[PDB]
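Quick setup: one chain, the form deposited in one PDB entry, written in structure tokens, and binding and motion questions come after.
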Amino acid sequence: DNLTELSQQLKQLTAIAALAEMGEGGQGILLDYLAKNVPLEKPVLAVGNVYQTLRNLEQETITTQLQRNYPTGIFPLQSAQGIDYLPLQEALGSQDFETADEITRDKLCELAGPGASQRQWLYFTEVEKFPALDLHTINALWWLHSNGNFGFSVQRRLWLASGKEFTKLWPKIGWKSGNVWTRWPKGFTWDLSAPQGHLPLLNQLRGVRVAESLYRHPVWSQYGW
């Protein structure tokens, strides 16, 4: 039957979208898919898309069931430093990308330690020493909850495709428009209409050293990003 065919299609995005618009039957199939695939080991975009598509329906019973079954979301919230990533997950699950961006900024300082937490900005050497595990968790959350549109991994791949020229990267990801830097916070696009790689933001006020160290970090290759 048609719904079963759609289940097999889990192109993944098209089936998921169709199933979600097909009432209780379609939504049941999506819920069963999560039950069979969560918690994720590796990030799988289809699973992120099923969860987020269901969240986006904004229906009490679905949302309540998701919170009950998956109170911490679909991806293990692991940290080499014991950091709490649930508020980041919650902001992303609500598609509140502006809050998610603020939390990510705060969490990176927390990850770097007392000094960064106090000054509220990073040195490139702190970024180089970040544990891979935390960067993987943070990136996975952004990626899984944005249909792969957001994440440092996404920016890194665009940077690689720009010959590592940051001046070519900024317009691609919407951080500069010609000679004009995008102005924080109102100039940015806090939704999925934003260009690929738009979030999370890396303030350029202190130069590109932090961003470059982040994109060169071993985590991306290590975890297959």
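Basically, rigid core = biggest C-alpha set you can superpose within 1.5 Å across the two forms. When you see a residue number, it is the position in the sequence shown, counting from 1.
Keep in mind that the form deposited in another entry is missing from the display, and what follows is about it.
In the core-aligned comparison between this form and the one not shown, the C-alpha of 182 is the only one from 196, 182, 37, 65 that shifts by 2 Å or more. When the rigid core is held fixed, the Cα atom of residue 129 travels less than 2 angstroms between this form and the one not shown. With the core held fixed, residue 120 shows a CA shift of 2 Å or greater between this form and the one not shown. Inter-residue distance, residue 97 to residue 179 (Cα): reduced by at least 3 Å in the other entry versus the depicted form. Distance between the C-alpha atoms of residue 181 and residue 100: shorter by at least 3 Å in the other entry than in the displayed form.
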